[PDB]
A.B. asks: 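Structure below; questions to follow.
Heavy atoms only: backbone and side chains are in, while hydrogens, waters and symmetry mates are out. Proteins get letters first, then strands, A, B, ... in listed order; numbering begins at 1 in each.
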Amino acid sequence: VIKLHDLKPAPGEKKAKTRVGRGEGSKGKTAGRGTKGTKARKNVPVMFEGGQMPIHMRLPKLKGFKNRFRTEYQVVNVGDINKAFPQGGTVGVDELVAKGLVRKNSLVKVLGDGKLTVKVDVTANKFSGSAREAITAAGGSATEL
Amino acid sequence: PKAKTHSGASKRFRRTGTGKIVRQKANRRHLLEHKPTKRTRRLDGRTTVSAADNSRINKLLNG
Amino acid sequence: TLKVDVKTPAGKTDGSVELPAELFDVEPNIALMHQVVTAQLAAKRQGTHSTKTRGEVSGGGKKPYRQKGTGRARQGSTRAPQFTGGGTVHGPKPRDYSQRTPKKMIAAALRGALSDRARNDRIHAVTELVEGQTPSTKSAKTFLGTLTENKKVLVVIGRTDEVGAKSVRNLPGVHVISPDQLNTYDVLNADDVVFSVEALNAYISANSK
Amino acid sequence: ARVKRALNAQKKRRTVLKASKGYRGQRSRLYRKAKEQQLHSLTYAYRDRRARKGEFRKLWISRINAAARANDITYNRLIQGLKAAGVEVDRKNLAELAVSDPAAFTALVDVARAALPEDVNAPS
RNA sequence: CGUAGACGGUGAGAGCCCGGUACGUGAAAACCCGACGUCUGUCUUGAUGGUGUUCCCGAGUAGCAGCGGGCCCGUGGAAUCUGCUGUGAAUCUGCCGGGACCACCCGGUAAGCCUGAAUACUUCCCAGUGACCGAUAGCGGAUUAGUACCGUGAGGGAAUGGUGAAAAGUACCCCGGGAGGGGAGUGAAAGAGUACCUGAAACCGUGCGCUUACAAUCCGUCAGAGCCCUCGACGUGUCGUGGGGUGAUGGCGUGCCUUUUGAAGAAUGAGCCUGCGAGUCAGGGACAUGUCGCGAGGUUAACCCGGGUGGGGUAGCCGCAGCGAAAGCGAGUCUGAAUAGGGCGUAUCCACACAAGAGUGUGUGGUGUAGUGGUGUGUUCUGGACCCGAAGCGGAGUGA
RNA sequence: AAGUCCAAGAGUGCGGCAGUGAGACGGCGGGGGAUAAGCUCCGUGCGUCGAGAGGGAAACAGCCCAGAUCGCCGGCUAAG
RNA sequence: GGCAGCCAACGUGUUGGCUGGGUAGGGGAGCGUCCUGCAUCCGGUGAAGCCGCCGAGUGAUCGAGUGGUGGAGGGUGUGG
């Protein structure tokens with residue numbers, strides 16, 4: 001039987017903490033910090049660059065705005081529609097979420113990246129031109145709702 | 001305490017699909033008269049941040 | 001199919017229970033079980049261990065003496081760490097050692113421990129612990145002796161069997177747990193696991209569901 | 001988990017003081033001052049283990065040369081002659097013969113003189 | 001024996017000797033929490049539902065400015081909320097709020113109120129807990145403790161535990177004035193004597209062995225006579241695969257740490273010993289790696305139920321499709337009147353072709369892309385952030 | 001094109017972690033100085049010290065020989 | 001003659017070739033402390049501690065080898 005005295009960690013799972021500042025044999029004295037300086041007693045911040053204009057100030061701010069109202073779609077490709085539904089059939093947002101192709105509460109859009117070979121009655125907030133075309137070509141229907 | 005993101009870096013750098021950090025070039029805001037359009041185009045758009053600054057830019061963007 | 005015979009206190013097998021392979025036939029993962037039990041014991045550990053830093057120890061607000069001229073080391077407080085009676089630099093502070101181990105990891109560790117026991121034939125089932133009504137440690141000890149000669153025994157008993165709980169409670173190496181609280185550390189610590197039929201059925205139902 | 005630095009601390013102290021048993025003054029009594037002398041003690045031990053070979057070879061050479069002069073031959077011509085004769089007796093055992101068995105050393109001196117070139121100073 | 005194997009005590013590890021424990025029982029009184037009646041109010045002095053037309057629907061108010069405060073919002077295009085100053089409206093075709101204004105449209109009827117629960121804390125009391133401290137620790141305080149002591153004052157602010165199971169703590173001898181001791185006794189032990197468990201080092205003796213008063217010594221190291229002990233042998237006192245002490249003499253030999261180009265350095269620190277004294281911890285933090293779990297999925301936070309780890313918890317988070325500044329489009333997308341090229345993406349890789357040798361492309365066909373939760377470790381973020389150290393700054397007080 | 005190639009423990013790229021960013025002297029090429037400085041500032045797939053013990057320069061970081069894994073009371077040599 | 005790092009060969013870990021000065025620093029593997037899960041073992045027939053003796057390890061260090069004092073808790077394994 002296995003026991004609490006038989007339980008061990010996995011090989012290489014646990015590593016010995018590095019005891020810095022304990023004798024010269026290990027990381028001793030300066031404790032891996034070297035001799036005098038700022039870094040011998042403090043951590044210099046990430047944004048400081050010696051006093052010259054930092055890279056986060058001498059470079060221009062990226063152009064544009066974020067458009068608070070942007071409507072973004074969780075996308076599923078028709079190749080994934082094929083893989084998830086070899087039998088075809090009705091494929092709504094609920095079906096896609098069940099098969100784990102889109103987030104549960106989101107605006108679903110369908111894109112034609114893979115290839116479609118089965119009759120699918122897909123129903124998503126929007127369809128790319130290629131996705132609609134493939135859905136129709138496979139004998140299915142793409143009801144945008 | 002959540003690690004706060006550097007606002008300046010967040011506003012001046014971006015990641016692509018693969019994860020490359022991109023930035024716009026300096027020297028395109030003003031004093032554009034004497035700049036030949038070839039220089040202005042060279043400065044136009046985004047380029048990957050140099051490998052040297054990639055580390056600190058990534059640290060500022062993550063936290 | 002692991003058919004654990006249900007032995008009554010009287011010494012008569014009353015049916016058998018089938019232990020599902022998914023619950024009592026899992027390949028025991030030692031590293032998983034170790035992480036799970038270590039998380040359990042860390043959760044058990046209350047980090048009620050504190051020390052006063054140099055700002056928490058009493059007094060020491062004033063600079064003990066002049067900065068220069070006294071021929072003595074520069075001290076900024078009689079409560080600095082080097083001072084006898086001063087504050088601890090990096091001493092313990094209260095800590096919450098509990099670890100958020102994933103639910104699947106916890107469940108797999110438990111299923112692995114039960115699987116190990118079932119494989120070794122260390123899982124027994126019973127209709128009752130003593131007889132009912134009045135607890136009897138002598139009767140319960142006699143029955144657990146007739147079942148298993150090992151020392152550590154985990155009695156997974158239902159919440160309603162207060163009789164059996166009390167009867168087996170006072171035996172030295174006999175932990176008592178409920179089927180919903182069945183955990184790695186308990187099963188692994190116990191040499192044998194004795195289920196009341198109701199407890200076994202409840203565990204199997206709750207898990208196969 | 002407060003650990004006292006006593007069980008562990010005294011082990012190296014007892015070791016260093018036991019090693020320093022025999023030193024003069026503080027170097028045998030105080031762990032800190034014994035440790036300073038123990039560093040030098042083992043530095044010297046290493047240096048002198050490595051220089052003992054050379055200094056014993058020096059002693060052997062001195063004694064072999066003494067016996068060579070007694071036998072009316074120079075030490076370097078003795079070594080040259082022994083090499084020419086193919087006598088692979090090292091200086092340790094040569095000096096042992098010089099001291100214990102001078103007749104054997106005279107025999108080896110005769111061998112080396114015999115194996116020396118007719119003219120040692122000739123270019124050859 | 002056990003519905004009691006909790007914990008402690010007892011002359012040393014006690015379920016069974018003791019206090020207790022499981023489990024049972026016990027309030028005269030007082031207090032609290034419940035109900036049960038008097039009692040208190042109200043409704044019944046009534047309930048129903050439909051029509052059309054005047055007054056009412058909180059005023060120094062809302063609103064507007066001038067200056068401010070607050071909000072992510074630092075005055076900004078600055079809404080909403082607010083203080084002080086003025087100016088100051090209408091009552092439903094009213095008025096606000098939708099971050100200024102509308103056929104607008106929605107939210108509805110402010111300028112007067114009271115409102116439990118969910119929530120924060122523990123001076124105090126009770127019962128417990130500790131991979132907390134264990135007398136330089138842990139509270140400053142195991143003892144006298146905020147005491148002694150210091151300061152005029154505010155204020156600062158200590159040190160000091162352990163005989164033994166039981167005091168059995170040396171009735172009466174001796175030396176001494178006493179202290180203290182030697183007897184003798186108690187004690188298992190006095191190698192426990194109220195100076196008391198253990199009794200380290202520093203430090204101070206005494207005894208013994210070697211060695212040193214012709215010698216220039218970082219105090220050692222290597223050779224090493226002599227001397228003094230030990231283990232064997234042979235069984236002569238001398239040799240040994242020996243061991244230990246000392247060290248005549250010879251060789252070599254410039255402390256440790258720090259900080260430096262460089263220190264034995266006549267640069268820093270250290271008189272000595274013992275004890276303590278410095279990369280720690282929190283966070284679904286960030287990055288990277290290890291390792292488990294599950295895997296195109298992975299996890300759940302709060303919270304709920306469990307006298308425990310355990311079970312629930314699908315809100316969210318990260319994956320999952322990119323390009324762009326969005327109408328956005330989407331394995332494409334942005335740029336461009338310009339199918340002109342580039343940017344970034346389409347994991348990766350293999351074969352087929354078409355091409356061009358401008359560094360290789362284009363499609364087509366194959367396998368199908370790997371994250372994400374714990375957790376270890378190293379860095380890191382916010383915190384005191386590895387530890388010590390200023391002069392000084394601020395708030396409130398104390399002092400003529 | 002070979003060599004080195006059971007290695008230089010090489011070069012390159014991407015990541016984790018750094019330390020360093022006070023150098024010294026010597027040879028050679030130079031600036032400043034007085035073609036002084038143990039001066040100062042450069043270059044040097046130059047060296048050594050730094051961070052390097054050992055031997056030689058008497059002693060003597062930087063000069064010459066030579067790069068200490070340990071033990072031998074073995075041998076041959078380097079500079080000298 | 002011993003040890004250690006890389007590499008190869010074949011094996012089921014032996015050999016061989018190279019390589020093992022080192023400060024800042026990086027990586028790897030460990031000794032020791034006490035606190036604990038579990039498992040075992042020692043202890044008033046004398047634990048720890050301390051003082052030695054005789055030794056042991058490539059290091060930190062070790063003696064479930066021993067003697068003196070001692071008087072009650074300790075060791076080992078494996079994890080946290």
A.B. asks: By the 4.0 Å heavy-atom rule, please label D/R27 as base, sugar-phosphate, or nothing.
C.D. replies: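 Here D/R27 touches the bases of the nucleic acid.
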A.B. asks: Tell me whether the side-chain N/O atoms of A/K14 come closer than 4.0 Å to OP1 or OP2 in E/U377.
C.D. replies: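 Checking E/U377 against A/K14, no side-chain N or O comes under 4.0 Å of OP1 or OP2.
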A.B. asks: Contact class for C/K62 vs. all strands (heavy atom < 4.0 Å): base, sugar-phosphate, or nothing?
C.D. replies: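 Nothing: the residue C/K62, judged by heavy atoms under 4.0 Å, touches no strand.
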A.B. asks: Does the separation of the ring centres of D/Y46 and D/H40 fall below 6.0 angstrom?
C.D. replies: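 No, too far apart.
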A.B. asks: Just to confirm, is there a sub-4.0 Å distance from OP1 or OP2 of E/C218 to any side-chain nitrogen or oxygen of D/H40?
C.D. replies: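 No, D/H40 has no side-chain N/O under 4.0 Å of OP1/OP2 on E/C218.
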A.B. asks: Taking N and O atoms by type only, does the side chain of A/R70 place a donor or acceptor under 3.5 Å from a partner on the base of E/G328?
C.D. replies: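 Pair found.
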A.B. asks: Is the phosphate of E/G322 approached by A/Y73 (side-chain N or O, under 4.0 Å from OP1 or OP2)?
C.D. replies: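 For E/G322, neither OP1 nor OP2 has a side-chain N or O of A/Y73 closer than 4.0 Å.
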A.B. asks: Any side-chain N or O of A/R22 less than 4.0 Å from the OP1 or OP2 oxygen of E/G279?
C.D. replies: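 Looking at the OP1 and OP2 atoms of E/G279, one of them is under 4.0 Å from a side-chain N or O of A/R22.
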A.B. asks: Side chain of D/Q37 only, heavy atoms from C-beta on: which candidate in G/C38, E/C218, E/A391 is closest?
C.D. replies: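 The answer is E/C218.
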A.B. asks: Taking OP1 and OP2 of E/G378, is either one under 4.0 Å from a side-chain nitrogen or oxygen of A/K15?
C.D. replies: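 No, A/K15 has no side-chain N/O under 4.0 Å of OP1/OP2 on E/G378.
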A.B. asks: Can you find a side chain N or O atom of C/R169 that sits less than 4.0 Å from OP1 or OP2 on E/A22?
C.D. replies: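 No, outside the criterion.
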A.B. asks: Does C/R54 place a side-chain N or O at less than 4.0 Å from the phosphate oxygens OP1/OP2 of E/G277?
C.D. replies: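 For E/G277, OP1/OP2 do not have a side-chain N/O of C/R54 under 4.0 Å.
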A.B. asks: Look at all strands and tell whether D/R13 reaches a base, only sugar-phosphate, or nothing, counting heavy atoms closer than 4.0 Å.
C.D. replies: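 Touches sugar-phosphate only.
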A.B. asks: Below the 4.0 Å mark, does E/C252 have OP1 or OP2 next to a side-chain nitrogen or oxygen of D/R52?
C.D. replies: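 So the side-chain polar atoms of D/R52 never come under 4.0 Å of the phosphate oxygens OP1 or OP2 of E/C252.
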A.B. asks: So, is D/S41 near the phosphate of E/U221, with a side-chain N or O under 4.0 Å from OP1 or OP2?
C.D. replies: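 Indeed, a polar side-chain atom of D/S41 lies that close.
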A.B. asks: What groove does A/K109 use, major or minor, by side-chain heavy atoms closer than 5.0 Å to groove base atoms?
C.D. replies: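 It is the major groove that A/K109 approaches.
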A.B. asks: Contact class for C/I106 (heavy atom, under 4.0 Å): base, sugar-phosphate, or nothing?
C.D. replies: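 Sugar-phosphate, backbone atoms only, no base.
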A.B. asks: Have a look at B/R14 and say if it touches a base, only the backbone sugar-phosphate, or nothing, with a 4.0 Å heavy-atom cut-off.
C.D. replies: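 Sugar-phosphate: the residue B/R14, judged by heavy atoms under 4.0 Å, touches backbone atoms but no base.
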A.B. asks: Applying a 4.0 Å non-hydrogen cut-off, can you work out what C/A140 is touching in the nucleic acid: base, sugar-phosphate, or nothing?
C.D. replies: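 C/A140: no heavy atom of the nucleic acid under 4.0 Å.
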